[PDB]
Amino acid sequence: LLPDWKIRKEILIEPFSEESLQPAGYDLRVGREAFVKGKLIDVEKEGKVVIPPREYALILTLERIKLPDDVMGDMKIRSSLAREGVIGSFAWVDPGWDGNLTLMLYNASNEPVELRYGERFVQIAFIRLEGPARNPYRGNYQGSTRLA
């Protein structure tokens, strides 16, 4: 697992925010795109993304994450959102990945959960593989937008 000072040197995080740097992870921020109730949302334009109660939202990360072939992305919801009743349905960030992440966030609470554009909401930890993956990732690769 990469500590904070090693995250700067191993993972390409654009744009990078020093405040998003955690002791052993990086706080991914809300990007320009979102998907709530079957509608695409321009979080960059609208400025926010509101996850209605008991609804899930596909949120595009502001950061474009590029993982080396020997690093795995382990994402967890920011504790703030968890304490708000928000559940994150995160998959692995395969070694070699490159592009903005489409993160599923479910508002299990009865109050709407508002997420400002560029606000930190998911801390991604980076676990180093024992060796570079024989076959780096090649699926939703190079995604710069919300991918379904």
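In case it trips you up, residue 1 is the first one in the sequence shown, and so on.
Higher mean CA B-factor, judged across 82 to 90 and 44 to 52 from the recorded values: 44 to 52.
When the CA B factors of the chain's modelled residues are split into thirds, the value for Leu115 lands in the middle one. Sort the chain's modelled residues by C-alpha temperature factor and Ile127 lands in the lowest third, per the entry.
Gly139: CA B factor lies in the highest third for its chain, per the PDB record. For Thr102, the recorded CA temperature factor ranks within the lowest third of the chain's modelled residues. Sort the modelled residues of the chain by CA B factor and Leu62 lands in the middle third.
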